[PDB]
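Below: data-v3.txt (compact mmCIF, C-alpha atoms (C1' of nucleotides))
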# COMPACT_ATOMS: atom_id res chain seq x y z
CA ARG A 55 4.66 -9.25 -6.83
CA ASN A 56 6.73 -9.79 -9.98
CA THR A 57 9.81 -10.92 -8.04
CA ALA A 58 10.62 -14.61 -8.50
CA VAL A 59 14.13 -15.69 -7.47
CA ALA A 60 15.07 -19.28 -6.63
CA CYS A 61 18.27 -20.30 -4.85
CA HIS A 62 19.79 -23.76 -5.25
CA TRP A 63 22.53 -25.25 -3.09
CA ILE A 64 24.91 -27.77 -4.62
CA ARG A 65 25.73 -30.13 -1.78
CA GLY A 66 28.67 -31.51 -3.66
CA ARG A 67 29.10 -34.94 -5.13
CA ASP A 68 25.76 -36.10 -6.67
CA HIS A 69 23.23 -33.96 -4.79
CA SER A 70 21.67 -30.50 -4.86
CA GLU A 71 18.58 -28.93 -3.32
CA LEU A 72 16.37 -25.85 -3.24
CA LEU A 73 16.99 -23.49 -0.33
CA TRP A 74 14.33 -20.79 -0.65
CA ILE A 75 12.25 -18.71 -3.06
CA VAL A 76 11.71 -14.95 -2.89
CA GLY A 77 8.43 -13.65 -4.26
CA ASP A 78 5.88 -15.52 -6.36
CA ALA A 79 6.27 -19.17 -5.42
CA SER A 80 3.93 -20.14 -8.26
CA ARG A 81 6.63 -19.52 -10.87
CA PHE A 82 8.42 -22.66 -9.64
CA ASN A 83 7.39 -26.13 -8.57
CA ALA A 84 8.36 -27.76 -5.30
CA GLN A 85 11.71 -28.98 -6.63
CA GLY A 86 12.41 -25.51 -8.01
CA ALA A 87 11.80 -26.29 -11.67
CA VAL A 88 10.14 -23.80 -14.02
CA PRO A 89 7.38 -24.49 -16.57
CA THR A 90 8.56 -24.41 -20.16
CA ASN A 91 5.31 -23.37 -21.85
CA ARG A 92 2.10 -21.74 -20.68
CA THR A 93 -1.36 -21.67 -22.22
CA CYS A 94 -4.93 -20.78 -21.37
CA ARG A 95 -6.23 -23.27 -23.93
CA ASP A 96 -8.31 -26.02 -22.35
CA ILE A 97 -5.77 -28.80 -22.25
CA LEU A 98 -6.52 -31.59 -19.78
CA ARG A 99 -10.22 -31.83 -20.50
CA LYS A 100 -11.39 -32.73 -17.00
CA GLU A 101 -14.97 -32.07 -18.08
CA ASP A 102 -15.12 -35.21 -20.20
CA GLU A 103 -14.90 -38.04 -17.66
CA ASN A 104 -16.47 -38.25 -14.22
CA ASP A 105 -15.97 -40.18 -11.00
CA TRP A 106 -19.36 -41.95 -10.77
CA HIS A 107 -17.71 -45.35 -10.77
CA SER A 108 -21.00 -47.20 -10.22
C1' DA B 1 55.15 -52.05 -39.43
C1' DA B 2 51.21 -50.74 -36.47
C1' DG B 3 48.65 -47.75 -33.46
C1' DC B 4 47.69 -43.18 -31.70
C1' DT B 5 47.39 -38.27 -32.32
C1' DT B 6 47.28 -34.21 -34.90
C1' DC B 7 46.63 -31.41 -38.98
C1' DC B 8 44.51 -30.76 -43.48
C1' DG B 9 41.07 -30.90 -47.42
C1' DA B 10 36.39 -31.78 -48.81
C1' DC B 11 31.79 -31.25 -47.80
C1' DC B 12 27.22 -29.90 -45.63
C1' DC B 13 24.10 -26.56 -43.56
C1' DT B 14 22.45 -22.28 -41.87
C1' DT B 15 22.92 -17.39 -40.70
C1' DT B 16 24.83 -12.55 -41.65
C1' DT B 17 26.46 -9.02 -44.76
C1' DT B 18 26.81 -7.03 -49.35
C1' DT B 19 25.35 -6.18 -53.99
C1' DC B 20 22.29 -5.87 -57.39
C1' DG B 21 17.87 -5.34 -59.31
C1' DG B 22 13.30 -3.92 -59.22
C1' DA B 23 9.70 -1.05 -57.69
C1' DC B 24 7.85 3.09 -56.04
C1' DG B 25 8.05 7.83 -55.21
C1' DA B 26 9.39 12.36 -56.62
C1' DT B 27 10.84 15.73 -60.03
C1' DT B 28 11.44 17.49 -64.57
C1' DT B 29 10.24 18.03 -69.21
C1' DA B 30 7.29 17.69 -73.13
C1' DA B 31 2.75 17.14 -75.23
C1' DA B 32 -2.26 17.51 -75.01
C1' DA B 33 -6.39 19.59 -73.29
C1' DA B 34 -8.88 23.30 -71.47
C1' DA B 35 -8.98 27.92 -71.83
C1' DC B 36 -8.49 33.25 -73.40
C1' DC B 37 -8.95 36.97 -76.99
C1' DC B 38 -10.80 39.33 -80.73
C1' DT B 39 -14.15 41.18 -83.31
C1' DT B 40 -21.24 42.43 -81.00
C1' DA B 41 -26.57 45.52 -81.03
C1' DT B 42 -29.85 43.46 -78.52
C1' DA B 43 -31.47 40.85 -74.35
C1' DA B 44 -31.09 40.30 -69.82
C1' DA B 45 -29.11 41.67 -65.16
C1' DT B 46 -28.53 45.45 -62.04
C1' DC B 47 -31.11 47.44 -57.40
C1' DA B 48 -33.01 51.04 -54.95
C1' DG B 49 -37.33 48.66 -49.00
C1' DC B 50 -40.32 46.31 -47.52
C1' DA B 51 -43.74 42.35 -47.41
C1' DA B 52 -44.61 37.29 -47.42
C1' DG B 53 -42.93 32.45 -47.33
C1' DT B 54 -38.81 28.99 -46.75
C1' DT B 55 -34.54 26.98 -45.08
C1' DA B 56 -28.97 25.89 -44.56
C1' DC B 57 -26.41 26.33 -40.66
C1' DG B 58 -26.18 26.11 -35.55
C1' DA B 59 -27.45 24.29 -31.25
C1' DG B 60 -29.18 20.80 -28.23
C1' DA B 61 -29.54 16.33 -27.07
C1' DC B 62 -28.45 11.38 -26.75
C1' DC B 63 -26.02 7.24 -27.96
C1' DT B 64 -22.02 4.39 -28.98
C1' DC B 65 -17.84 2.84 -28.54
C1' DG B 66 -13.41 2.97 -27.10
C1' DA B 67 -9.91 4.25 -24.10
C1' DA B 68 -7.91 6.33 -19.66
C1' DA B 69 -7.92 7.07 -14.86
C1' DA B 70 -9.16 5.73 -10.45
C1' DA B 71 -10.38 2.63 -7.18
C1' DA B 72 -10.38 -1.54 -5.52
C1' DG B 73 -8.32 -6.05 -4.73
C1' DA B 74 -4.23 -8.91 -4.25
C1' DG B 75 0.08 -10.14 -2.71
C1' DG B 76 5.06 -9.27 -0.61
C1' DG B 77 7.13 -7.78 3.36
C1' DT B 78 8.53 -5.76 8.02
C1' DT B 79 7.68 -3.91 12.75
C1' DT B 80 5.36 -4.07 17.02
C1' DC B 81 1.90 -4.79 20.24
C1' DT B 82 -0.44 -8.29 23.14
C1' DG B 83 -1.61 -12.68 25.12
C1' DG B 84 -0.60 -17.11 26.77
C1' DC B 85 2.33 -20.04 28.98
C1' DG B 86 6.34 -21.30 31.69
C1' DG B 87 9.59 -20.57 35.38
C1' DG B 88 11.88 -18.71 39.98
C1' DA B 89 11.34 -16.07 44.28
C1' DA B 90 8.77 -14.18 48.03
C1' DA B 91 4.70 -14.21 50.93
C1' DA B 92 1.42 -16.10 53.69
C1' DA B 93 -1.24 -19.26 54.86
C1' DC B 94 -0.90 -24.11 56.85
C1' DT B 95 0.99 -27.36 60.07
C1' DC B 96 3.39 -28.29 64.24
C1' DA B 97 4.78 -26.64 69.50
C1' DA B 98 6.12 -24.15 73.69
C1' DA B 99 5.81 -20.91 76.84
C1' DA B 100 4.17 -18.01 78.72
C1' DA B 101 -0.22 -15.20 79.83
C1' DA B 102 -4.80 -15.07 81.01
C1' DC B 103 -8.76 -16.84 83.52
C1' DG B 104 -11.15 -18.77 87.63
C1' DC B 105 -11.55 -19.93 91.92
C1' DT B 106 -12.74 -15.44 94.67
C1' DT B 107 -12.20 -11.75 97.27
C1' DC B 108 -14.20 -7.38 102.14
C1' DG B 109 -12.29 -3.65 101.79
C1' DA B 110 -10.22 -0.04 98.52
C1' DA B 111 -10.94 2.63 94.01
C1' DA B 112 -14.12 4.01 90.08
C1' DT B 113 -17.62 6.17 89.16
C1' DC B 114 -20.79 9.58 86.76
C1' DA B 115 -23.43 13.34 87.08
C1' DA B 116 -22.46 19.76 85.35
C1' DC B 117 -19.59 23.38 84.95
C1' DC B 118 -15.43 26.18 85.11
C1' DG B 119 -10.60 26.69 83.49
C1' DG B 120 -6.69 24.42 81.27
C1' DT B 121 -3.89 20.51 78.19
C1' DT B 122 -2.23 19.05 73.74
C1' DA B 123 -2.61 15.50 69.87
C1' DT B 124 -3.12 16.38 65.51
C1' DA B 125 -6.31 17.21 61.13
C1' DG B 126 -5.35 20.12 58.11
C1' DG B 127 -2.82 23.17 55.60
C1' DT B 128 1.79 25.55 54.10
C1' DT B 129 6.41 25.64 52.70
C1' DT B 130 10.35 23.36 51.48
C1' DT B 131 15.34 19.34 50.49
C1' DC B 132 15.79 15.17 48.24
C1' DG B 133 15.48 12.49 44.43
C1' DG B 134 15.18 11.84 39.99
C1' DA B 135 14.37 13.88 34.79
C1' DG B 136 17.46 12.36 32.29
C1' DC B 137 21.29 15.41 29.00
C1' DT B 138 25.50 15.58 26.93
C1' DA B 139 30.67 13.64 25.21
Turn this file's structure into structure tokens for me.
Amino acid sequence: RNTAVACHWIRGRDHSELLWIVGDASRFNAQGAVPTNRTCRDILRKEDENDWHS
DNA sequence: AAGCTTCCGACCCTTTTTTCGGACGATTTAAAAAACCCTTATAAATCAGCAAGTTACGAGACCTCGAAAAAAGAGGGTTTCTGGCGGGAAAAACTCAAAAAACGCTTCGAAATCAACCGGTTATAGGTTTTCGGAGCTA
């Protein structure tokens, strides 16, 4: 459950892509990037504004 | 003489190592404080077993919190067991057809027959014993 390995393929010239991930996919995003900082503080205060547009 | 390229000195900034100083701890030494000894006849403690009254120490219990262990829950993965669907081959129904084969007409006269009872025939249900086929096994 702790395994998190990402494999990137350089297609040559200007392009590269993500082939596969082994283990916890949540440690990477779709393009294979990794978050740089993590917090449990309540950033992104969704509670403040609501969708009742009318 | 000019442009390009390469060293070199000067400097700026931060990190890494060394040195020095300071502080703290430990030990040693010296000084100060508490204590010990020497004089006491008289006053108070020693103690004998048991009664009568009291409690300082032990045991029991519960709570409280914190941590540890275990169990559960989650997620990663692989192996296999089953079900559904698709595809090719064989079977058998379905469709098309002929050629027999039966049936009817239709037989007056020739068998067929049932009945009970005896002895005799023999197909074979059932059981008993046994080759053939396959088990794979092993390099």
For residue 78 in chain A, find every residue with an atom within 12 Å (counting all atoms listed in the file), except residues of its own chain fewer than 6 positions away, and show them as a PDB file with C-alpha atoms (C1' of nucleotides), in the coordinates of the input.
ATOM      1  CA  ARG A  55       4.660  -9.250  -6.830  1.00  0.00           C
ATOM      2  CA  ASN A  56       6.730  -9.790  -9.980  1.00  0.00           C
ATOM      3  CA  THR A  57       9.810 -10.920  -8.040  1.00  0.00           C
ATOM      4  CA  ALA A  58      10.620 -14.610  -8.500  1.00  0.00           C
ATOM      5  CA  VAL A  59      14.130 -15.690  -7.470  1.00  0.00           C
ATOM      6  CA  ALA A  60      15.070 -19.280  -6.630  1.00  0.00           C
TER       7      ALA A  60
ATOM      8  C1'  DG B  75       0.080 -10.140  -2.710  1.00  0.00           C
ATOM      9  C1'  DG B  76       5.060  -9.270  -0.610  1.00  0.00           C
TER      10       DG B  76
END
Could you put an axis-aligned box around every listed atom of range 73-88 of chain A, padded by 8 Å on each side, and send me its centre and edge lengths in Å to one decimal, as AutoDock Vina command-line options?
--center_x 10.5 --center_y -21.3 --center_z -7.2 --size_x 29.1 --size_y 31.3 --size_z 29.7
Go through A:94, A:108, A:81, A:76 one by one, measure the shortest atom-to-atom distance of each to chain B using all atoms listed in the file, and give the residue with the smallest value.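 Under the stated criterion, the closest residue is A:76.
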Leaving out residue 86 in chain A and any residue of its chain fewer than 5 positions from it, which residues lie within 9 Å of it when counting only C-alpha atoms (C1' of nucleotides), given as a list in words?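 Close residues of residue 86 in chain A: residues 60, 61, 62, 71, 72, 74, 75 and 81 of chain A.
With only C-alpha atoms (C1' of nucleotides) as the basis for measurement, B:74 is the residue among B:55, B:74, B:2, B:27 that approaches chain A most closely.
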Could you please determine the separation between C1' of residue 79 in chain B and CA of residue 77 in chain A in Å, to one decimal place?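 So the answer is 19.6 Å.
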Using all atoms listed in the file, which residue out of A:92, A:98, A:79, A:70 lies closest to chain B?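 Closest to chain B of all the choices is A:79.
The closest residue to chain A, picked from B:77, B:118, B:95, B:129 and counting all atoms listed in the file, is B:77.
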